[PDB]
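Encoded as structure tokens, the following chain is the form deposited in one PDB entry, with no partner shown.
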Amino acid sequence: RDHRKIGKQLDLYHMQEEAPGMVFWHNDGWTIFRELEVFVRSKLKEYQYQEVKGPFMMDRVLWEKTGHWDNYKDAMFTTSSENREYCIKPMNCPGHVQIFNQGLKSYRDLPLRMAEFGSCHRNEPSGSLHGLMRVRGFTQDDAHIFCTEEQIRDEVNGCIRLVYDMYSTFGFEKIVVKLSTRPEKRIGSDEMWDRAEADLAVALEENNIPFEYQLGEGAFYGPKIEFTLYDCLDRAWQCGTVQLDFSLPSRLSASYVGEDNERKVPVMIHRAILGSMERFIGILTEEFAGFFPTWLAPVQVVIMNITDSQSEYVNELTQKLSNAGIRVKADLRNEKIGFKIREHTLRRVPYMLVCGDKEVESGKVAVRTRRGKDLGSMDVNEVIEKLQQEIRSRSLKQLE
């Protein structure tokens, strides 16, 4: 149950000293990553987010306007061109505010939700690096919500719902929640902090989430909620964050015209659910020990012959399943059927399809799961439909 070993075994990714803390995603790991992308994007549609893409580097002058340069310059990668300094982005928030600043906005346009699978880079100390979980380059399931003060509590609600929707998809039901209150050095008045912390507290109350305070741990520009999921070994993983921000939009001249036709600065909410997706793939690898749910498995089906008397029946079925959008391969090698099955069982393929002449003539397939339960011979059309239903529903469990 160690993702670095499973990662090498299943050929998912590798890393090397020429690029410390930066992942090389091989075909099969990248398939997991992209399947996560598709799932998140399905959520962005359902919860009505825009998806944008910002540039990898911006002028360091801009990073000073944010105030982040003064605090976290050392975690930043800088480069040069024509006598200007640029930083490679460690976060997506200012870029999103830059998208927001194009075109006059109106209260009509808020809440405005803006997501990005944003590639970030942080100059992490090399000795702290570890596999997929402490890296220098990661991708974040990142969104920012611009809204009015009246819309905060409804927008946080939506984020809270999103969190439990997505964690439960992976079997994570034990979640611990913490609210981080005002730190010693902060901006804003005590009254503004009073209602900011109240909005986060009330949102969790309307959702029936018990929670607990992390006193003084809040950012200098707002409180936050932090979500911690527990894996099947009862290790805690902080993944989710909803973070209120009353400083950045004003620092970057974001404004909208209000109901009263006066100019107003929007509230910004920062939220990620998986957090860093390389890290989340790491958790999943260990939570599942490599036996990924069908919808995540790099290879969902392998089809095998008994003799060469079925090689083309296999090939036609491989094609048939592929047209159904199933990641399927054929194993027509001249090896014993128990050799092939161990090969693909070691590779954690969810379903092994075997065709003898017994089943070639009837139009069926014999079906074996990776755990070793034999489901016998079923009609191909019924097998394909049952596979699709399992994939579309992102089922954690296989057939029976």
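Note that residue numbering begins at 1 and tracks the sequence as displayed.
Although it is not shown, the form deposited in another entry is what the next lines describe.
Hinge assignment between this form and the one not shown, options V40, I269, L229, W63: the residue at the boundary between rigid parts is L229. Between this form and the other one, the CA-CA gap for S168 and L233 widens by 3 Å or more, being larger in that other deposited form. In that other deposited form, the separation between the C-alpha atoms of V135 and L233 shrinks by 3 Å or more relative to the displayed form.
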